[PDB]
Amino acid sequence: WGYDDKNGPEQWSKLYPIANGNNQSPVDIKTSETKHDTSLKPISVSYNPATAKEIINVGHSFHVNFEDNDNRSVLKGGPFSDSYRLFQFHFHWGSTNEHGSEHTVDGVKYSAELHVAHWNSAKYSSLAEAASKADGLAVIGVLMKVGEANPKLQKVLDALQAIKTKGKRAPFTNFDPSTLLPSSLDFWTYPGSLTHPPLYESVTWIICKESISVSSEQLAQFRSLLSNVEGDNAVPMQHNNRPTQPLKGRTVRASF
């Protein structure tokens, strides 16, 4: 699987039939159709920068992984009664500034999107156990809007020169990714899925209503990552967002 014409989102269902399921992500959030819910608590994140571990070029994207052997870095509140442990963050982007986010809001596409993913350590004892469970994963999504350079992205962008090609990895330490979140954590939430294979319907989504910025030159750094292995002809990572998926009667809740 990939994002190209032959192996890309419109084709995933052949190998992963869940692609046509009832809880697929991402979605267009129609704000006239959201339900304000007063039982939602505020989102609380508390991440220890000592859990930052490694950055990895995975061919279609890059990931920053965290140690997840204990509850040093956690998400709580919102819709959740369980504590969720941070395991990774990453970004999705498009070929031009005009699209690239996964979630859209009233049809509006943003240039990129940040995902901060966690797993339910109250109920399960590893990512691998949690990942396919309906209550197993919690992902914060932040829409990234093209504009002024975002200096909080610095350490991440400066790391990419060490992982230019597929499979490269390097230590990435002492970093707290709550520094990337917008100053307001007002959110929407809905039950959904991983946005790429294996597409498990295991994710409770927390989508920030406030965007964070990114510059056109910062987006170019993502797009200049290479999907080929060292020594091969360069194939830039132009894009890696999945199209929005039908709600199938799900309700998006608003914390605000």
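One rule holds for the numbers: they count along the sequence shown, beginning at 1.
Comparing the deposited coordinates for 33-41 and 216-224, the stretch with the larger average C-alpha B-factor is 33-41. Two stretches are in play, 225-233 and 191-199, and the higher mean C-alpha B-factor belongs to 225-233.
Note on the listed residues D176, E129, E113, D82: the highest Cα temperature factor in the record is that of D82.
Looking only at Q88, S95, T104, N150, the residue with the top Cα B factor in the deposited structure is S95. Per-chain ranking of the deposited C-alpha B factor places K76 in the highest third. Compared with the other modelled residues of the chain, the Cα B-factor recorded for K155 ranks in the highest third.
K133: CA B factor in the middle third of modelled residues in this chain (values from the PDB entry). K53: CA B factor in the middle third of modelled residues in this chain (values from the PDB entry).
In the deposited entry, the Cα temperature factor of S46 places it in the middle third of its chain's modelled residues.
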